[PDB]
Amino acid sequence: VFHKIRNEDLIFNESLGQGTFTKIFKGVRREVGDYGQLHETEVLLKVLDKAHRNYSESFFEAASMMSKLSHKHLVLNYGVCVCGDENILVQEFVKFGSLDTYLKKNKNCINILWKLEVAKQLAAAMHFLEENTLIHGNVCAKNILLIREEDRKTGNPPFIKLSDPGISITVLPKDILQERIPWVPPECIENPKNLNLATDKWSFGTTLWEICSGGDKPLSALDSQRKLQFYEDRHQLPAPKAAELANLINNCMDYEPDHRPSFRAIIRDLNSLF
């Protein structure tokens, strides 16, 4: 149950792009904060396309269930604006944006320790979700937000958060699902209702591949028909050039969902690289 924010208290600024049936804007929220102090707070605004209003339930159910669990590695949702014909998610604005964009622009200055630290943090967030038996369902580098850059001057590591999952793959059209191979697992291509905790272990593997690959998209050279055939022939992703996490990636991207390792075991493996 989300706090309702008045349209009057939001200003829309620049477009930040679009997601699946959504438009993204940087914005500002006027609000009374602690001690009654007035604030104008930078916010991330996620607007459901007016033409796809039928998706609003899934749009908001995702963000809602995760926002019931507070955690340092999970994005903060302030509330929702449902004034007028709008369906707007009002979210904390993370200073350095999405991880995939960040990896591409910083490819030639991100070392293995940075990748391992970000992987550990992501695994911590997924461990927390697994303990709470809560499925994310759309783990990917675009849904990882970089709160803070690494600072070698103080040894401060980077700090990331996992964003909301957006519209569930259980209600999206099959062609969007096919294009999201290989983040969407084989069993969910076979049947979207196979969405399960084991889904998030597979997509975590794909996300590690992104992190280790300077933001390349795995299988981007394959069209949708060939992505399906990739799964039909039981292929695995190539090892990234920085190959240190390749075995972990493949262990997570196991075609047998019951064989995919728990996030506790994943965390132990990450720690053993040191």
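Numbering starts at 1 and runs along the sequence shown.
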Higher mean Cα B-factor in the deposited model: 224-232 or 60-68? 60-68
Select between 166-174 and 141-149 the stretch whose C-alpha atoms have the higher average B-factor in the entry. 166-174
Looking at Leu219, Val32, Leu48, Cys212, which has the highest Cα B-factor in the entry? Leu48
In this crystal structure's PDB entry, the residue among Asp200, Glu86, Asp100, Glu92 with the greatest CA B factor is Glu86
Chain third (lowest, middle, highest) by recorded CA B-factor, residue given as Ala242: highest
If you rank the chain by CA B-factor, which third does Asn77 end up in: lowest, middle or highest? middle
Per the entry's values, where does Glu190 land by CA temperature factor relative to the rest of its chain, in the lowest, middle or highest third? highest
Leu116: C-alpha B-factor third of its chain, per the entry, is the middle
Name the third of the chain's ranked CA B-factors that contains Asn13, choosing lowest, middle or highest. lowest
